[PDB]
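Everything in the sequence shown is counted per the deposited numbering, starting at 1 for the first residue and increasing by one.
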Amino acid sequence: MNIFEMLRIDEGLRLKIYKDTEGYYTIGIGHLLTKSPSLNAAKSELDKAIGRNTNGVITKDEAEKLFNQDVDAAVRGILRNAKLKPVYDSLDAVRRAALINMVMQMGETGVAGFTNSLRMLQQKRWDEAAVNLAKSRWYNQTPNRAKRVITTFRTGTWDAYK
Ligand SMILES: [Cl-]
Ligand SMILES: [Cl-]
Numbered sequence: 001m002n003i004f005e006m007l008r009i010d011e012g013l014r015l016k017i018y019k020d021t022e023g024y025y026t027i028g029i030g031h032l033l034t035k036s037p038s039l040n041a042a043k044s045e046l047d048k049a050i051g052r053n054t055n056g057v058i059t060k061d062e063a064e065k066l067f068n069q070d071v072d073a074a075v076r077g078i079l080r081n082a083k084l085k086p087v088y089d090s091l092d093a094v095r096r097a098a099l100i101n102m103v104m105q106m107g108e109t110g111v112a113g114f115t116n117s118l119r120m121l122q123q124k125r126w127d128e129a130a131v132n133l134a135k136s137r138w139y140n141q142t143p144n145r146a147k148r149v150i151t152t153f154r155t156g157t158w159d160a161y162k
């Protein structure tokens with residue numbers, strides 16, 4: 001198991017535009033298109049992203065391609081983030097995957113706000129951080145997914161995804 005596979009399970013895969021859990025237009029593997037309520041706006045972002053007149057449908061290859069960019073951008077956002085980098089540096093391989101997922105789902109900015117959990121992760125206080133990560137809108141809105149990520153931080157294994 002790895003980051004790709006992990007996120008592939010959490011976001012699923014869709015070839016037509018759809019609305020995420022917060023109601024925003026997305027496509028492929030959790031690729032957010034726009035927060036705008038406009039479908040056109042979304043089709044436009046899509047075409048721009050793919051480089052062709054898609055008409056709201058892409059192929060599996062295009063999907064995967066966006067997916068790779070999105071993963072790369074996420075690591076990259078972590079590495080550039082003054083609050084994130086240190087955390088990420090301190091963690092083992094499995095747990096890093098967990099931080100990346102969170103970043104992917106919520107943006108670097110979203111993640112950097114978990115100051116307190118971040119601190120705990122850095123100190124390797126596993127059970128404590130898990131409890132703190134849980135007191136969040138994030139956990140309340142997408143609890144199953146959040147449970148997966150948290151277990152991951154807690155145990156440092158992939159058990160939650162097997
Ligand atoms: Cl893009
Ligand atoms: Cl969920």
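Cβ coordinates follow ideal geometry from the N, Cα and C atoms, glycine included.
Should residue 69 be counted as a contact of ligand 1 given a C-beta to heavy atom distance under 8 Å?
At a threshold of 8 Å, residue 69 counts as near ligand 1, since its beta carbon sits closer than that to one of the ligand's heavy atoms.
Which residues, in chain order, sit with a beta-carbon under 7 Å away from any heavy atom of ligand 2?
Listed by position along the chain, the residues with Cβ atoms less than 7 Å from a non-hydrogen atom of ligand 2 are 142, 143, 144, 145, 146.
Would you check whether ligand 1 has a heavy atom nearer than 8 Å to the C-beta of residue 7?
Remark: the C-beta of residue 7 is outside contact range of ligand 1, defined as less than 8 Å to any heavy atom.
In terms of alpha-carbon separation, which member of 14, 87, 50, 28 lies closest to residue 123?
Comparing Cα-Cα distances from residue 123 to each of 14, 87, 50, 28, the minimum goes to 87.
So residue 78 packs on residue 58, CB below 8 Å; how close in whole Å?
Residue 78 to residue 58, Cβ: 27 Å. No contact.
State yes or no: is the C-beta of residue 15 nearer than 8 Å to some heavy atom of ligand 1?
No - ligand 1 has no heavy atom lying nearer than 8 Å to the Cβ of residue 15.
Nearest CA to the CA of residue 148: which residue from 100, 160, 68?
Of all alpha-carbon atoms in 100, 160, 68, the one lying nearest the alpha-carbon of residue 148 is that of 160.
In this structure, what does DSSP give as the bridge partners for residue 59?
None; residue 59 has no bridge partner.
Is residue 41 a contact residue of ligand 1, with contact defined as CB to any heavy atom under 8 Å?
No, ligand 1 has no heavy atom inside 8 Å of this Cβ.
Segments of 4+ residues assigned as alpha helix (DSSP H) that fall wholly inside the stretch 75-104
Entirely contained in the stretch 75-104, the alpha helix (DSSP H) runs reaching 4 residues are, in chain order, 84-90.
Hey, is residue 63 close to ligand 1, as in C-beta under 8 Å from one of its heavy atoms?
Ligand 1 never approaches residue 63 closely enough for any of its heavy atoms to be under 8 Å from the residue's Cβ.
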